Amino acid sequence: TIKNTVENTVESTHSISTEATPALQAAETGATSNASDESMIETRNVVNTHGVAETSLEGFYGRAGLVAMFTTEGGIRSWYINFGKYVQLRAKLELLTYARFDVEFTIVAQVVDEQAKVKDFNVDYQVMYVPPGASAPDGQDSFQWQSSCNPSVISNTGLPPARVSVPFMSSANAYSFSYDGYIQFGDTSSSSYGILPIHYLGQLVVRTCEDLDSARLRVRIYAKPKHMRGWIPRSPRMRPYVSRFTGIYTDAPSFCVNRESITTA
Amino acid sequence: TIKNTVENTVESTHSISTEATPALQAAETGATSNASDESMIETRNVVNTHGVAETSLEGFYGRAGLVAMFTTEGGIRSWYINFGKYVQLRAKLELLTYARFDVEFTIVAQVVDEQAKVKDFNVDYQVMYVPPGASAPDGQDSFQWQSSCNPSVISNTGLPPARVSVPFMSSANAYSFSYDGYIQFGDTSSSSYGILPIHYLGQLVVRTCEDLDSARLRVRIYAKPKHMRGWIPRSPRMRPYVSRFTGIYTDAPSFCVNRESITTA
Amino acid sequence: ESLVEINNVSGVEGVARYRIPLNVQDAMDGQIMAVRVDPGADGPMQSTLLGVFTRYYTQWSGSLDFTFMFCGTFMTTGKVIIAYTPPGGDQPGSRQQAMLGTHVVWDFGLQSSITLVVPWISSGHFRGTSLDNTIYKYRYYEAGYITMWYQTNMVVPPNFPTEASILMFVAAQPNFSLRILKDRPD
Amino acid sequence: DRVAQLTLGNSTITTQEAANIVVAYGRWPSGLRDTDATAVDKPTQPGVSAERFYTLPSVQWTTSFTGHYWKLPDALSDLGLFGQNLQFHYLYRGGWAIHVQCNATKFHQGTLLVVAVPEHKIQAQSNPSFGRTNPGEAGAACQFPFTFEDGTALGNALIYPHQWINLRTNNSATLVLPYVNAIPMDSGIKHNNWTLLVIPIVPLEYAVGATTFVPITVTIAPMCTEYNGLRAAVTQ
Amino acid sequence: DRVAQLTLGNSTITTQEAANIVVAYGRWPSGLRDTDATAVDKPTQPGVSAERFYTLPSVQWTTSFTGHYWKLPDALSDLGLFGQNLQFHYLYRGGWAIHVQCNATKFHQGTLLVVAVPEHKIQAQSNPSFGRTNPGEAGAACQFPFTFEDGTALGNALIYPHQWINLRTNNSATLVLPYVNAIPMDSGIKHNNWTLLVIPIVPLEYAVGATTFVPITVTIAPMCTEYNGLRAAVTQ
Amino acid sequence: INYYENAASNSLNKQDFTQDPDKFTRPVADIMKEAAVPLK
Amino acid sequence: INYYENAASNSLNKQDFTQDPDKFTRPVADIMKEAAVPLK
Ligand SMILES: CCCCCCCCCCCCC/C=C\[C@H](O)[C@H](N)CO
Ligand SMILES: CCCCCCCCCCCCC/C=C\[C@H](O)[C@H](N)CO
Ligand SMILES: [K+]
Ligand SMILES: [K+]
C-alpha cells in the first residue's frame, strides 16, 4: 500500500496490566522491533503533513554528475564507457544490486595552450560512438569519421554544451552493480573475476575536425540517470576505492573517530 | 474586509450641538484618532478611484537588488550566503519581524587584468552550492567539483546572465530579522548574542574551469524575493550600520536638520 | 535496524568495538555507557545505515528506535535502567538525575531484547544534521543524550563468566524524513 | 500471568517474573467528590509532571539484614515537580503505584515480605527522633522487626496489603494504593499516610562461590494527585 | 470607562483612573492547535498555580530618570511555580497580562510611555554583557532612550502595543499580549520573546513643597501556558 | 499556465489589495464611537 | 505533451510516493503482534 506523507500521532493514556507488553522483543527472529511511540509514553494528537518525495529513487538519483575528463593527443582521444573513474556517482549506484535507467549525457569542451592555460578560440569538434566489433579511427583524418552508420554529434566550442538522451541498452533485463562470477568458460584466472561483459557497450572517440596549431581540446562529460527502477538494496561502501574496474580495498581497524571512555559523551 | 481603492467623500452640512463631539480625543488609551474629514469641515461629493497596488508587499519587495560582489584569487573564491554586506536591501527586510519568501538569484561575470581593467575574453565559469556539513573545495582543481550530489550551474562570460529560483528553505515556519537570544546552551558570551543559526544555509563557491593567464573573474549577485508573506511591522532603522552580522550602532543628538526658531517655517 | 559502533576507544579494534561490557559489581547505582542521540553527528552513529543516509542530507525530523540484546548465559540475571535526557545542559551525573527524564527498566529473562523509543521533542519542525560550530554555530540543534545505569546488579552461579556483553541496534520510526541532498563527506 | 508492563507519564517498567498485581481494599485511586469537598478555592492538578515513576537509592541484603522502611509522602518530598508542588501548597491528596525489585540466581534461596501499612507509628522507645520518624529518600533500618516496630506480632501483618518475593518463584512485587484518611485532604509536611516495609523472613543463602552482593531496589509513582492553598514554599 | 478589576487564580487588581485596556494585534492568548504542533509527548498545563499576578520590586522616578526595562520570561524565571515549571522543562509557550502603576497628586505634572516590543535586541555597544541582556526581576536602566536602545527613533515606538500614563488624566496602564514566534514552542532560558519598556517623555515637576519621592510599580501574570520535554532542572 | 514542476518557479502574485487597519490603529478591548467622548 | 518519438527523450517521473516496508523489516513466516511476547 502507498503513502504520500509520514504517519500521524494519536492520544495515549496510562496502562497498568499483565495482558499487553509492547516493550519486550526478540532480535533473534530476524525482525525489526514493532513498538510504537504511543505504546511507550503518553502522547498528544499531531496531524503530520511532511512529504516523502526527496528520498524517492527519482529524487536521489535524478541530477547530473562527472564521468570523464581528458585532453586530445595529436588531435584525437578515446574513452571506454564505464562509470568507475570518479567515485561520487560510483558510490551512489553501488547502493542497489540491479537497476534499469535511461541516461542524459552533456559534453563541455574548450581550447588550451601547451602550459594548460585556456585560450579564447572557437573550434569545431566531433564525438563518435563506436559499439564493440566496429573499427575505431586511428588518427585525426582516418576514413572511419564518415560516420554513415555509427552515430555522431558535431558542435563548436562557442555554442552552448552538446546534450543527447540514450535508452536502456543492456542485453540483460537490468544492469548489475555486483557480479560474483567469471567472464567466460575455462578461464578461472584471477583477472577474469567479478566483471560482467554485458555492461560494456563500447567507446566514445573525439577529434578536432581540423588541425589546431600548438593548442589542444580539453573535454568533460556529465551523466544523469532518468526513469530509475531498482532491486535489492546493498550495504553502503565504507573503504576507499583503489581501481576503476574492481572492488579491491585495504583493511583498517575502525570506521568512526575514537573517544577517551565509553561513559563520556 | 478587503478593498481595491481608497475611501470616497460625502457631502456634509453645518452642525450646532451638545450631542456629537468628534474633534475631542484621548491619546492615553493607545488608540489612533477616528475624526473623519466630513465631521470637521463642510465637504463635497468625490468619487475616488486611486488604487493601492504599489504599496502591497509584492509591490514594495518584488524587484532585484545587489547582495554580493567579489574577484577570484588563484582561480577560486567563496561567499557565505547572508544579505548583510550591502545596506539598501538589508534596510528594507528589517521593516518586518518575520517573513516567508522564495528567491530568484541572477549572476553576472567578466574578465579583468591585474590593474582591474576589463578584458574582451570569453571563459567558462562554475558556481557550486555547499550546504553546512558538506566539504568545500580547497582550490581550482579539487575533486569536490564533480558536483554529483551538490547542485551546480555552469556557464560562460559571453552568454546572457545565469538565473535560478530557490524555495522557502528554513527549518522554522518563517525567517527572522530580529532575534533576542543566544546561539546555544551554556554560552552567554557577548559574540553568541542576537544570531539565529537557522538563517544560515551555507556557501557558494566559484571557479574558472581552466586556469586564466594573469587575468581574474569579477562576479556580482542580485537577489529578488517572490511570493512574500509578512508579520509584525517594526520601527525603521535610523542610524548607520557598522557590521555585517550584528545591529551595532553609534549614538548622535538629532535625526532631522536644525532651524533658527520654532516659530519660523 | 543496524549495529552501533559504541565501544570506540583507543585500544579497541574490529568486531570488539560493537560490544558494551557488563560485570558483577561490589557497589551500587553505577554507570554502563553514554552517547549523544544526534544521527548525523561524527561518532558511534556515523557508520550505521541510518547514519550514512543522514549524512547525504542537511535536515532531519522524527522519532528514533533504539533496541538492546543481552548475550550472557541462561543462568545470568540482572536489571538495568536506560534514559533519554532532552537538551539544556551536560549528560546527567547520577542515576537520580538520569531517571527524571524519559526511561525504561529492563529485566533479563526469556525475551532477549528491549526497545526504548526516543520521541521527537523539538522547538522547530526540522533539525540540521551537522553540529559544527566553527562557521554556522549549528551546535544550536543538539538533540540530547542517552545513558545506561545498573538498577540492581549482574548475578551469577559459582565458577561462571563474571563478564557479559550487550549489542545495540538503531532504526528510524514511521514519522521520520529528510530534506536537501548534499555530498557524503566520507 | 508472569509478564507485566507499567506505563505512567514519560516512564515505563517491565518484569518477566511477576505474581499478579494487588489493588488495596479493592479500590483504585480516584478524585475528591463535590459532596465530600470542603476547601472552596480551585484545586491544582499537575498531570504527567507529577504522575510518573521515581527510583530511590538501593539497599544491600547483607548477612545481618533485619529489614528497612520508607514513609510516604516524606520519601518523595524533595524529588522533581511532585516535591515542588507539595512545598508550595498547604493541602495535598493522592494514591500510589509501588514496584519492588530483587533478583538472584537459581543457586540462591531466601524470602522477603513486602507490605504497605496505613497510619504506622514508630514506638519501641519513649521519644522517637525526627530522623527515625521522617528518614527521607534513603529510608531507615528496622531495629525491632518481630514486634513490627509498633507492639504487634510480625506474623499478623498480612491483614495489610502485601506480596512476597520468594527467590525460587519471583523477582518483583507490585502494589496499587488509594488515598486513606479521616478527612478529605491534609498537610503533606506534618502527616505520613502510608509506610512501605521490606522484611526478610527466610535468610539469604547460596551454593558455595556464588555472587554474594545482592541489592534491593524501590520504584514509586504518585497517582491521581490534587493540591489546594497556594503560598510561598515551606518545609519541616 | 475609568474603573477596572482584573482577577486571575488567587489574585485580584483594581484601579479607578484607567484608560481602557489594549489587546495586542487584536488577539487574546490561546492554545497550540493539532495542525501546528510538532513535539509528540503530552504537554503539562499547570492552571491556577502559574496563571496569577506577580509583583516585581519598585523603581523611583528621580530627577535623572532616563527609563527602565524588563525581559519576559527572564524577569519571572525564579518566582513561584511559573519559575519551577520553566526550569524543569525544555520547551515553554504562553501569553501575558501586564499592569503598570504610578500615582501622584493634582499638584504634579509628567508623562510616561509604557510599551511592549517583540524581539527587542540591546545594541548600542559592540558586545552586550549577560547582565544587560538578562537583568532578572530588578530590570535595568535605559542608557540610550532617544535611539530606543536599538538604532531606531524613540518617536516611532507607537507601531508596537502601548499606553501613556499622563498624570493629569490617569494613574495606570494595562496591556494583554499573545504568544509571538516563528516556531510553535521554544526554550524559556535561551530566548526572550517580549520586552516591557517605561520611558519618561515629559519630566516630573510639582508645586513647591509637594511630595518628591514617587515610585513606579510593575505587576505581571502568565496566561494560557503549556510545557513539554521534562528532565532535571536547568538554568543559565 | 505554469511550465515548471515546483511553485518557487512561478511568476509574482497579482492580488494587490489592502485591508481594514484596526488590528494596528485601534486595538482596544471596549469600543469608542467617533461622535462620543473617549473617557466617561 | 511529449515532443519526441522514443520514451528515453521524456522528462523525469513525478510519482514520488513511499510504501509499507515489511518486505525488508519483518520478513517472517508467522505473525508476531505488537502487544504480545515474540517467543511463546
Ligand atoms: C553520442 C553520445 C554517446 C552515448 C553513448 C551511449 C552508450 C550507452 C551507455 C549506457 C550506460 C551504461 C551504464 C551501465 C553500467 C555502469 O557503467 C557500471 N558502473 C558498470 O560497472
Ligand atoms: C546555485 C544557486 C545558489 C542558490 C543558493 C540558495 C541558498 C538559500 C538562500 C535563501 C535565502 C535566505 C535568506 C534568509 C535570511 C537573510 O539572509 C537575513 N539577512 C539573515 O539575517
Ligand atoms: K500524514
Ligand atoms: K473608492
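Parameters and conventions
Residues numbered from 1 in each chain as written, not as in the entry; some residues may be left out. Chains lettered and ligands numbered in written order. Part of a larger assembly, values for the part shown. Heavy atoms only, no water. Helix = DSSP H or I, 4+ residues; strand = E, 2+ residues; numbered from the N terminus. Rg over C-alpha atoms; globule rule 2.2 N^0.38 Å. Buried < 20%, exposed > 50% of the residue type's maximum accessible area, 1.4 Å probe, protein only. Contact = heavy atoms within 4.5 Å. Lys, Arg positive; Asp, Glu negative; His and termini not counted. Charge placed at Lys NZ, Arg CZ, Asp CG, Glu CD. Core = buried A, V, L, I, M, F, W, Y, C linked by side-chain atoms within 4.5 Å. Buried area = accessible area lost by both parts, 1.4 Å probe. Salt bridge = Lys/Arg side-chain N within 4 Å of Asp/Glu carboxyl O. Polar contact = N/O pair within 3.5 Å; in protein donor to acceptor, adjacent residues only side chain to side chain. Nonpolar A, V, L, I, M, F, W, Y, C, P; charged D, E, K, R; others polar. Pairing = 2+ DSSP bridges. 1 Å grid on protein atoms, 1.4 Å probe; cavity = no way out; pocket = protein on both sides within 12 Å on 5 of 7 lines; lining within 4 Å. Points joined across faces, edges and corners; volume = space filled by probe spheres on them. Donors = N, O, S within 2.8 Å, 3.2 Å for Na, K, Ca; no water. Near = heavy atom within 4 Å. Areas by Shrake-Rupley, 256 points an atom, 1.4 Å probe, with all protein chains shown as cover.

Peer 1: How would you summarise the overall build of chain C if you had to cite specific residues and measurements?
Peer 2: Counting secondary structure elements, chain C contains two helices and twelve strands. Going from the N terminus to the C terminus, chain C shows its helices and strands as β-β-β-α-β-β-β-α-β-β-β-β-β-β. Taken over C-alpha atoms, the radius of gyration comes to 17 Å for chain C, in line with the 16 Å a tight globule of 186 residues would show. When its C-alpha atoms are laid out on the principal axes, chain C stretches across 55 × 35 × 30 Å. Looking at chain C as a whole, 70% of its 186 residues are labelled buried. Counting contacts in chain C only where the partners sit at least 6 residues apart, residues at least 24 apart contribute 79% of the total. If you average the places of the 12 positive and of the 15 negative side-chain charges in chain C, the two averages end up 6 Å apart.

Peer 1: Explain the nonpolar core residue by residue, including any values.
Peer 2: Residues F66, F68, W106 and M168 of chain C are the most contacted members of the largest nonpolar core, which totals 78 residues. Considering each element in turn, this core owes the most residues, eight residues, to strand 6 (residues 96-112) of chain A.

Peer 1: How would you explain the interface of chain C and chain A if you had to name every residue and give the values?
Peer 2: Counting residues at the interface gives 58 residues for chain C and 41 residues for chain A. Between chain C and chain A lies a buried interface of about 4000 Å² when both sides are counted; carbon and sulfur atoms form 56% of it. Connecting chain C to chain A are zero salt bridges. If you look at where chain C meets chain A, you find 27 residue pairs in polar contact. Where the side of chain C that touches chain A is concerned, the elements lending two or more residues are strand 2 (20-23), strand 3 (31-36), helix 1 (49-54), strand 4 (57-61), strand 5 (64-70), strand 7 (102-107), strand 8 (113-118) and strand 12 (177-181) of chain C. Broken down by element, the side of chain C that touches chain A gets its largest block of residues, six residues, from strand 3 of chain C. Each residue belonging to the side of chain C that touches chain A can be placed in one class, and the counts come to 28 nonpolar, 21 polar and nine charged. As paired elements, strand 3 (residues 24-25) of chain A and strand 8 of chain C share two bridges and run antiparallel to each other. Residue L24 of chain A lies in a different strand from strand 8 of chain C, and its bridge partner there is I114 of chain C.

Peer 1: Talk me through empty space enclosed by the protein; I want residue IDs and the actual numbers.
Peer 2: Picture a little ball the size of a water molecule; that probe, rolled over the atoms, points out where space is still empty. Applying the stated rule across the entire model yields 17 cavities of 30 Å³ or more. Taken as a whole, the largest cavity spans an internal volume of roughly 300 Å³. Taken together, 28 residues form the lining of the largest cavity, with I198 of chain B, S123 and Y140 of chain C together with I183 and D186 of chain E sitting closest to its centre. Residues that form the lining of the largest cavity fall into these classes: 15 nonpolar, eight polar and five charged. By volume, the second largest cavity amounts to about 180 Å³. Lining the second largest cavity are 18 residues, with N10 and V48 of chain D together with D41, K42 and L230 of chain E positioned closest to its centre. Each residue belonging to the lining of the second largest cavity can be placed in one class, and the counts come to seven nonpolar, eight polar and three charged.

Peer 1: Provide a residue-level description of the environment of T174 of chain D, including the pertinent values.
Peer 2: All names here are of chain D. One can find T174 in strand 11 (residues 172-177). In sequence terms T174 and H162 are twelve residues apart; their C-alpha atoms lie 8.7 Å from each other. Discounting residues that sit within four places of it in the chain, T174 has contacts with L6, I21, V22, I98, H99 and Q163. One polar contact links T174 to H99, side chain to side chain, over a distance of 3.0 Å.

Peer 1: Go over the coordination of the potassium ion (ligand 4) with me, naming the residues and quoting the values.
Peer 2: Around a metal, the idealised angle for a tetrahedral arrangement of four donor atoms is 109.5 degrees; for an octahedral arrangement of six donor atoms it is 90 or 180 degrees. Residues and elements named next belong to chain B. With distances of 2.7 to 3.1 Å, the protein atoms coordinating the potassium ion (ligand 4) are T5 (OG1), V6 (O), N8 (OD1) and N48 (O). Along the chain, the residues that donate to the potassium ion (ligand 4) are spaced as T-V-x1-N-x39-N. Placement of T5 in the loop between strand 1 (2-3) and helix 1 (37-40) and of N48 in the loop between helix 1 and helix 2 (57-61) is noted, with a sequence separation of 43 residues between them.

Peer 1: Would you mind going over the arrangement of the chains in detail, with residue names and values included?
Peer 2: Summarising the chain contacts, 14 pairs of chains touch, and the pair with the most contacts is chains A and C. You won't find any contact between chain A and chain F; their C-alpha atoms come no closer than 12 Å. For the non-touching pair chain E and chain G, the nearest C-alpha separation works out to 20 Å.

Peer 1: Describe the site of ligand 2, and please don't skip the residues or the numbers.
Peer 2: All names here are of chain B. The immediate surroundings of ligand 2 are formed by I81, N82, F83, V164, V166, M169, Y175, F177, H199 and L204. Protein contacts shield 88% of the accessible area of ligand 2, which totals 620 Å² for the unbound molecule. Here the residues of the shell around ligand 2 sort into eight nonpolar, two polar and no charged.

Peer 1: Requested: an account of the site of ligand 1, with residues and values cited.
Peer 2: Every residue near ligand 1 is listed here: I81, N82, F83, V164, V166, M169, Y175, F177, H199 and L204 of chain A. Considered on its own, ligand 1 offers 620 Å² of accessible surface; in the complex 88% of this is hidden by protein.

Peer 1: Can you explain the interface of chain A and chain E? Please cite residues and give values.
Peer 2: Contacts between the two partners involve ten residues from chain A and, on the opposite side, twelve residues from chain E. Interface area, chain A with chain E, both sides summed: about 890 Å², of which 51% is carbon and sulfur. When the buried surface of chain A facing chain E is broken down by residue, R44, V46 and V47 of chain A rank first, second and third, together holding 56% of it. Remark: the boundary between chain A and chain E carries two salt bridges. Between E42 of chain A and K42 of chain E there is a salt bridge; the shortest N-O distance is 3.6 Å. Applying the counting criterion to the chain A and chain E interface returns five residue pairs in polar contact.

Peer 1: Can you explain the sheet that holds strand 12 of chain C? Please cite residues and give values.
Peer 2: All names here are of chain C. If you trace the three strands from one edge of the open sheet to the other, you get 9-4-12, paired in antiparallel fashion. Pairing within the sheet leaves two strands with one partner each, and these edge strands are strand 9 (127-128) and strand 12. The sheet contact formed by strand 4 and strand 12 spans four bridges and is antiparallel. Within strand 12, the residue paired with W60 across the bridge is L178.

Peer 1: How would you summarise the pattern of salt bridges if you had to cite specific residues and measurements?
Peer 2: Opposite charge on two side chains allows them to pair when their charged atoms are near. Counted according to the given criterion, the structure contains 27 salt bridges over all chains. One salt bridge connects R239 of chain B with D251 of chain B, and the closest N-O pair in it is separated by 2.7 Å. Here the residue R239 of chain B occupies a position in the segment after strand 10 (216-233), and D251 of chain B occupies one in the segment after strand 10, the gap between them amounting to twelve residues. Linked by salt bridges that have partners in common, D42, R55, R184 and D186 of chain C make up one network.

Peer 1: If you had to explain the pairing of strand 6 (residues 68-72) of chain E to someone new, which residues and values would you point to?
Peer 2: All names here are of chain E. Burial of strand 6 is extensive: five of the five residues sit out of reach of the surface. On strand 6, burial covers both faces: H68, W70 and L72 on one face and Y69 and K71 on the other are all buried. Relative to strand 9 (residues 140-141), strand 6 runs antiparallel, the two being bridged by two bridges. Considered in strand 9, the bridge of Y69 is made with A140. Of the strand pairs in this sheet, strand 6 and strand 12 (residues 194-206) are connected by five bridges, and their pairing is antiparallel. Bridge assignment links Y69 to a residue of strand 12, and that residue is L197.

Peer 1: Give a description of the environment of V155 of chain C that names residues and reports values.
Peer 2: Residue position: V155 of chain C is located in the loop between strand 10 (145-150) and strand 11 (163-172). Judged by its relative accessible area of 1%, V155 of chain C falls in the buried class. C-alpha separation for the pair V155 of chain C and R17 of chain C, spaced 138 residues apart in sequence, amounts to 25 Å. Contact partners of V155 of chain C, with chain neighbours within four places excluded, come to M75, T76 and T77 of chain C together with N103, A104, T105, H108 and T211 of chain D.

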